[PDB]
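Note sheet for the following structure.
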Amino acid sequence: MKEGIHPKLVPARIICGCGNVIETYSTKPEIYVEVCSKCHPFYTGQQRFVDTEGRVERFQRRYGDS
Amino acid sequence: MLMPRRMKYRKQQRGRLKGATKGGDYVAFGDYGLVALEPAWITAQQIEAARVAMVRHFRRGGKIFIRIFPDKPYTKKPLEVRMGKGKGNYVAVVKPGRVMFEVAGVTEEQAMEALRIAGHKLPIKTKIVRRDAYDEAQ
Amino acid sequence: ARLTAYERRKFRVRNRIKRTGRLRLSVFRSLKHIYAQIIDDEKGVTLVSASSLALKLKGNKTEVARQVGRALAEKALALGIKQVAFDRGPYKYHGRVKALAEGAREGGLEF
Amino acid sequence: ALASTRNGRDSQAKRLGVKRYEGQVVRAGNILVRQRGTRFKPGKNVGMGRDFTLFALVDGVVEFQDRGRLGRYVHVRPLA
Amino acid sequence: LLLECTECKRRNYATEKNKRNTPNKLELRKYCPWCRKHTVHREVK
Amino acid sequence: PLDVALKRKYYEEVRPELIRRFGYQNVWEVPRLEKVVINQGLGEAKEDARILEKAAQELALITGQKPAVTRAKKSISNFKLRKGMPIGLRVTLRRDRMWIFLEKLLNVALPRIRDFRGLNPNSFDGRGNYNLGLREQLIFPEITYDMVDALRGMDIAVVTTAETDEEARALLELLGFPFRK
RNA sequence: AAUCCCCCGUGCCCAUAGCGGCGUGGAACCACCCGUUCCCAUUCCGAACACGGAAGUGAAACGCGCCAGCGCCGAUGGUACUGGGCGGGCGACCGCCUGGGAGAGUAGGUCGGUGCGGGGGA
RNA sequence: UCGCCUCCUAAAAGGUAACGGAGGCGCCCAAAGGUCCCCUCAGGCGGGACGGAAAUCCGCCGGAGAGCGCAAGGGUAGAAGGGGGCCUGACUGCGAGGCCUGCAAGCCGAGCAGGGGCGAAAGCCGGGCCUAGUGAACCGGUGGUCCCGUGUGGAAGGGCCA
RNA sequence: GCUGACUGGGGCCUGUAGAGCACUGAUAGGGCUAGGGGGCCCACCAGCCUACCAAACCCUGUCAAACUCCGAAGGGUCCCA
RNA sequence: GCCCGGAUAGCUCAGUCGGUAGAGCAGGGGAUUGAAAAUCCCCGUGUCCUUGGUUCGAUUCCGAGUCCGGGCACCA
RNA sequence: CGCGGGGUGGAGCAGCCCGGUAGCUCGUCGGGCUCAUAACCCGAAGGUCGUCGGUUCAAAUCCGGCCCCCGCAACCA
RNA sequence: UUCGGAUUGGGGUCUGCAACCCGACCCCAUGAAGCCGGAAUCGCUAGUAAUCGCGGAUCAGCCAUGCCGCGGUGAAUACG
Ligand SMILES: [Mg+2]
Ligand SMILES: [Mg+2]
Ligand SMILES: [Mg+2]
Ligand SMILES: [Mg+2]
Ligand SMILES: [Mg+2]
Ligand SMILES: [Mg+2]
Ligand SMILES: [Mg+2]
Ligand SMILES: [Mg+2]
Ligand SMILES: [Mg+2]
Ligand SMILES: [Mg+2]
Ligand SMILES: [Mg+2]
Ligand SMILES: [Mg+2]
Ligand SMILES: [Mg+2]
Ligand SMILES: [Mg+2]
Ligand SMILES: [Mg+2]
Ligand SMILES: [Mg+2]
Ligand SMILES: [Mg+2]
Ligand SMILES: [Mg+2]
Ligand SMILES: [Mg+2]
Ligand SMILES: [Mg+2]
Ligand SMILES: [Mg+2]
Ligand SMILES: [Mg+2]
Ligand SMILES: [Mg+2]
Ligand SMILES: [Mg+2]
Ligand SMILES: [Mg+2]
Ligand SMILES: [Mg+2]
Ligand SMILES: [Mg+2]
Ligand SMILES: [Mg+2]
Ligand SMILES: [Mg+2]
Ligand SMILES: [Mg+2]
Ligand SMILES: [Mg+2]
Ligand SMILES: [Mg+2]
Ligand SMILES: [Mg+2]
Ligand SMILES: [Mg+2]
Ligand SMILES: [Mg+2]
Ligand SMILES: [Mg+2]
Ligand SMILES: [Mg+2]
Ligand SMILES: [Mg+2]
Ligand SMILES: [Mg+2]
Ligand SMILES: [Mg+2]
Ligand SMILES: [Mg+2]
Ligand SMILES: [Mg+2]
Ligand SMILES: [Mg+2]
Ligand SMILES: [Mg+2]
Ligand SMILES: [Mg+2]
Ligand SMILES: [Mg+2]
Ligand SMILES: [Mg+2]
Ligand SMILES: [Mg+2]
Ligand SMILES: [Mg+2]
Ligand SMILES: [Mg+2]
Ligand SMILES: [Mg+2]
Ligand SMILES: [Mg+2]
Ligand SMILES: [Mg+2]
Ligand SMILES: [Mg+2]
Ligand SMILES: [Mg+2]
Ligand SMILES: [Mg+2]
Ligand SMILES: [Mg+2]
Ligand SMILES: [Mg+2]
Ligand SMILES: [Mg+2]
Ligand SMILES: [Mg+2]
Ligand SMILES: [Mg+2]
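Chains as they are written, first to last, in the deposited numbering: chain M8, 1 to 66; chain 88, 1 to 89, 93 to 141; chain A8, 2 to 112; chain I8, 6 to 85; chain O8, 9 to 53; chain 41, 2 to 182.
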């Protein structure tokens, strides 16, 4: 890497909906990540929260009782 | 009519009719052929005249192969005299031993009688042939 | 991908040398050793050989090289050989290869 | 234009070719080949001029060499 | 645009070609004289 | 730095899984991961190359390498384009610096993408490298959202010494690449 | 010290040495390799070039083999053409003597040969 | 239509005609020049946000079909193509020897000397891959210069070099 | 004053006759396939059949002054008689 | 050649005893009317033919200049 | 056959030189004014430049072929 | 845009034999055009014009922003 012209890329800390990624090793140490998926909310480590498909599921249910 | 699309040059030198030979000559597509005995520039309009003689001869039926093609441009002057070349106005150059035409999928008396009519439309002497061992395999 | 940058660079530099028509002082250098071979083209022939490999010496591949260059001079100058041109092959004139060259004086030279 | 004649030019023959052949005695400076591309490459004792013209560099005899895919080559052999 | 090109002294020099609207500047470069050896040479006239 | 968690993760527990799966006479035959090349094409900056060096500043920030600038191969009419001009930035990272970036990409960036039901698994290029592309740059940690004057995405290319996509797939899965299966 | 064999340079023939497939080699050469402090680097990247190395591997590359699917080469025989000498046809054109003689194609060949030097075995 | 370049005609040396078949030139570039160092195309298929037949990127295949300012041809990646750093040899004084050729012209050119450029060097460098991009002499303009200077010193006016 | 035309031998040069289709083009019959002519099921990505268009590509079959993977006979020049 | 006179925001342009400047049909905003217009009322960097230079000072003074015009030149 | 000019929304003309950009009048369409139509006013649509090729990054524009248009010529015989 | 609530998604309430075509109403989500309107053109002279709500007829329910009415606040301006 040519000497001049460069971000620092110095060891860091960092945060999320989870705890830390000690890994870091980036420019601009100590950053705040809004939420990740990995660390397993939101997709990975499937939460499947709020979950859909209820549209065929419902109309066949409220229907024949009424 | 019969004629190329796309020529690279519009007009081209006459050249010789020499040394009757070279390619075609072995009856590759069909049952009987019409082979050329003499050299000639045969014209896009004599070719079509032979074709239609034959297709008219059998019931729109049979199958016809042609197998010479008019890519050589033929110029003529107007009744002027001498300045520039040109103009217009197409031929296939045909030496001895060539198979033009060559019908197939018809009866012997048919093919042979069509090819005889077809031959009358040509400027040269012709020969009707059948097909051979000699016409190989390839 | 045919005929690599190595063998273009190779050929390019070689042919230029070969035109001037001196004897060729030709340099192979591997990761481990560095060899140098003085050639007369048109007789298709090597005349004066010198390796680190055959002089069985080691450490600091550059300082090894100045040595296999001094080795060549002493060896070569002994056959009458003085003027030649430096082949340098597919190698930047630098470091190890520069060093063998600036060790190939006390004889030889203009390099 | 088209008919009357739009044609009618050509350019002077450039009189290009080999001007000395194999086993032919030459002097330094004689030119051996006149040519458009690198059609013959210069060999031993042979220069190229800016127009790809091959000349003897030394007196000698001229030998022709066909190095196959390396081209053809003209050299002058001394005993000059 | 044919080009007449001097240095400074004795004004004899040597002659050239810039047909062009660039360079438009004093248009100067290093050349040998008939007079001593290898001086400055600025364009002119 | 030579430590870098993903690098580590690759050696202890990604490599061996891989050998168990395909099984490999040689230590080399088991896939390494070489070269993540990040390429921004920007027609966006065309007549204005002033905009450009802000975007280059941005890549550096998230890459830690300053990008070089690609310039236009041939000249083409329909969208502007003198054969002179700069089209985009392209930055090659390897070796540590690729790792320290791929980590960040896996554990931060891609999570922050709106939707993201996972990376497309057909983008393997058939000889076993993989490509994807991103719409916004603010999905990265080093970017503050107030430093974006305008959105420009990029093309990430990841080169792999695996001869096939199958193997290649395995490597990146095992590294933690979220896949839409 | 000759001779052979293997490697490393390096020439020559200029594809009969090429592609593809398969197989093989790490002691020694060679390579990839370890690192990037230093010389020197990269329009970004020690990829390349460069240096200081030597833990590992012949995976890649290279080297050595073996396969004729392709690629390349290629008779003999016969024709075409033709220098020279003669005929024939209104013509377009044809033929004979004597001397030269292809191209295509068929048969077949080929997975290279070799010089100098080194390192290692004979 | 008239001079110049390219191709065919042109009969495998050169040369070769017609109001034969077809195209181009009357410029251009201070970088499109010199050198040293590096790099290698067009196309096809696969992959990649805005990117579509085509902007950029990644992978494999691709011996040249690309590029070489412009016509064609010959040539050319073992560079003549593309990038970069230094630079101005797009020098002065000559020129062995040849190509060509009715003359006059046109063309190539090693080598020596002066002072330089790039290069560790060998070396290369007297414009540009090459073949068109041009015009005898006479008359005159300008810058210089030693030369002549109509009794003599000047000057007028010339010569010579550009 | 033996060097001449011509002739013998040996080298080098060449790209015509012939022939070929590797290039540039043209080109018959068939095959397999991009794009579509659109029959229409759409009118949402669709989407199939083509006895019309059709690249490239394979098979068979040809043509060329300004095409050549090839290529004679001859010709030219030098040397020795 | 050249003498020179001609070069305006949006165009024609109009403006040299030098001390930061403009009119009409245009453009637009606004009153009028059948409307078109005319008339009436308000705003538009024209760094006014370029650079360096005299001055506090510049369309409007000194060296070159870029361009324009006629009339006169010349042309081997 | 010869030389010169042309061919562009429905009509009639610019634009072509000098490559990148299609404009003007009328007509047509929608609205207004009028009892109504015309006139008049406010809006809009409408084209690939005869054609086939080639040049270029790019063609109405530059080059070539062909097809039409108009003009001139066709003399000594 | 806490402007403006057109369009659409899902959830329901009521009438009614029955709300796909075609009901009104509630809630959650959605939030479009619209920054005072070209030529042109309407009403109004006082408790009027603006503006604000309220009732009824028809009627199961309602597409009523309509229509017939009721009051609250309450201008401007007429030279001619
Ligand atoms: Mg025949
Ligand atoms: Mg044949
Ligand atoms: Mg006839
Ligand atoms: Mg007559
Ligand atoms: Mg007959
Ligand atoms: Mg010629
Ligand atoms: Mg895939
Ligand atoms: Mg791979
Ligand atoms: Mg070959
Ligand atoms: Mg080993
Ligand atoms: Mg081992
Ligand atoms: Mg291997
Ligand atoms: Mg053969
Ligand atoms: Mg034979
Ligand atoms: Mg004969
Ligand atoms: Mg005869
Ligand atoms: Mg043969
Ligand atoms: Mg082989
Ligand atoms: Mg060898
Ligand atoms: Mg040995
Ligand atoms: Mg040719
Ligand atoms: Mg000839
Ligand atoms: Mg001849
Ligand atoms: Mg002309
Ligand atoms: Mg340079
Ligand atoms: Mg390529
Ligand atoms: Mg490509
Ligand atoms: Mg692609
Ligand atoms: Mg080429
Ligand atoms: Mg060219
Ligand atoms: Mg060419
Ligand atoms: Mg001379
Ligand atoms: Mg002469
Ligand atoms: Mg000197
Ligand atoms: Mg020096
Ligand atoms: Mg010289
Ligand atoms: Mg005279
Ligand atoms: Mg004079
Ligand atoms: Mg006197
Ligand atoms: Mg005197
Ligand atoms: Mg006197
Ligand atoms: Mg005087
Ligand atoms: Mg004698
Ligand atoms: Mg001979
Ligand atoms: Mg022929
Ligand atoms: Mg062909
Ligand atoms: Mg021919
Ligand atoms: Mg052969
Ligand atoms: Mg004799
Ligand atoms: Mg019109
Ligand atoms: Mg109307
Ligand atoms: Mg009306
Ligand atoms: Mg036309
Ligand atoms: Mg075009
Ligand atoms: Mg008369
Ligand atoms: Mg309904
Ligand atoms: Mg507001
Ligand atoms: Mg309104
Ligand atoms: Mg009243
Ligand atoms: Mg009600
Ligand atoms: Mg109400």
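All C-beta atoms in this analysis are idealised placements derived from N, C-alpha and C, irrespective of residue type, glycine included.
Grab me the residues of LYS75 (chain 41)'s own chain with a C-beta within less than 7 Å of its C-beta, minus the 5 sequence neighbours each way, in chain order.
-> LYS84
May I ask you to check if the CB of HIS57 (chain 88) is nearer than 7 Å to at least one heavy atom of ligand 5?
-> no
When DSSP labels each residue in this structure, what does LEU34 (chain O8) get in the three-state scheme?
-> coil
Excluding the five sequence neighbours on either side, which residues of its own chain have a C-beta within less than 7 Å of the C-beta of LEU10 (chain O8), listed in chain order?
-> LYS25
What first and last residue would you give for the beta strand (DSSP E) that runs through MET103 (chain 88)?
-> 101-103
Anything in chain 88 within Cβ reach of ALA8 (chain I8), meaning under 8 Å, just list it in chain order.
-> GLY84, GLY86, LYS87
Check whether the Cβ of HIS40 (chain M8) lies closer than 8 Å to any Cβ atom in chain 41.
-> no
Which residues does DSSP pair with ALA51 (chain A8) in a beta bridge?
-> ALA37 (chain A8)
Residue span of the alpha helix (DSSP H) that contains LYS105 (chain 41), given as start and end = 98-105
Of the residues that make up the stretch 21-40 of chain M8, which ones have a beta carbon closer than 9 Å to any beta carbon in chain 41?
-> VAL21, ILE22, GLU23, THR24, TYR25, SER26, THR27, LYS28, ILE31, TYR32, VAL33, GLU34, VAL35, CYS36, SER37, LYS38, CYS39
Give me the Cα-Cα distance between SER124 (chain 41) and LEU133 (chain 41), rounded to the nearest whole angstrom.
-> 7 Å
If you check the beta carbons only, do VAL5 (chain 41) and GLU143 (chain 41) fall under 8 Å apart?
-> no
Reduced DSSP secondary structure (H/G/I, E/B, other) of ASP156 (chain 41) | strand
Taking buried to mean at least 16 other C-beta atoms within 10 Å of its own C-beta, is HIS57 (chain 88) buried or exposed?
-> buried
List the residues of chain 41 that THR44 (chain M8) touches, going by C-beta distances under 7 Å, in chain order.
-> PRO179
Could you tell me whether the stretch 43-52 of chain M8 touches the stretch 157-168 of chain 41, where touching means 3 or more Cβ pairs closer than 8 Å?
-> no
Enumerate in chain order the residues of its own chain whose CB-to-CB distance from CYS16 (chain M8) is below 7 Å, with the five nearest sequence positions on each side excluded.
-> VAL33, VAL35, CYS36, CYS39
Label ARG14 (chain 88) either buried or exposed according to how many other C-beta atoms from any shown protein chain fall within 10 Å of its C-beta, with 16 as the threshold for buried.
-> exposed
Take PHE23 (chain 41) and list the residues in its own chain whose beta-carbon comes closer than 7 Å to its own, dropping the five residues that flank it on each side.
-> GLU168
Identify the contact partners of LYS182 (chain 41) in chain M8, using a Cβ-Cβ distance below 7 Å as the criterion.
-> Neighbours of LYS182 (chain 41) on chain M8: none; closest Cβ ~11 Å, over 7 Å.
Would the C-beta of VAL35 (chain 88) count as close to ligand 4, meaning under 7 Å from any of its heavy atoms?
-> no
Classify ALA69 (chain 41) as buried or exposed, calling it buried when 16 or more other Cβ atoms lie within 10 Å of its own Cβ.
-> exposed
Does any heavy atom of ligand 4 sit closer than 7 Å to the C-beta of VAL81 (chain 88)?
-> yes
Hey, is the stretch 89-97 of chain 41 in contact with the stretch 32-41 of chain 41, meaning 3+ C-beta pairs nearer than 8 Å?
-> yes
Alpha helix (DSSP H) segments (min. 4 residues) lying fully within the stretch 56-85 of chain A8 = 62-78
In angstroms, rounded to a whole number, what distance separates the CA positions of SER9 (chain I8) and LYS77 (chain 88)?
-> 12 Å
Could you check the C-alpha separation between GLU164 (chain 41) and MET103 (chain 88) for me, to the nearest Å?
-> 56 Å
Find the residues of chain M8 that neighbour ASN108 (chain 41), judging by a C-beta separation of less than 8 Å, and give them in chain order.
-> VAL21, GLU23, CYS36, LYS38, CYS39
Give a single yes or no on whether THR21 (chain 88) has its beta carbon closer than 7 Å to a heavy atom of ligand 1.
-> yes
Flag residue 1 (chain 41) as yes if its beta-carbon sits less than 8 Å from any beta-carbon of chain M8, otherwise no.
-> Any answer about residue 1 (chain 41) is impossible in this case: the structure gives chain 41 only from 2 up to 182.
Note down, in chain order, each residue of its chain lying with its Cβ closer than 6 Å to the Cβ of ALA105 (chain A8), except the 5 sequence neighbours on either side.
-> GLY70, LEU73, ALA74
Extent of the continuous alpha helix (DSSP H) run through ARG72 (chain 41) = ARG72 (chain 41) -> not in any alpha helix (DSSP H); beta strand (DSSP E) instead, spanning 69-72.
Who pairs with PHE29 (chain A8) in a beta bridge, going by DSSP?
-> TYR36 (chain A8)
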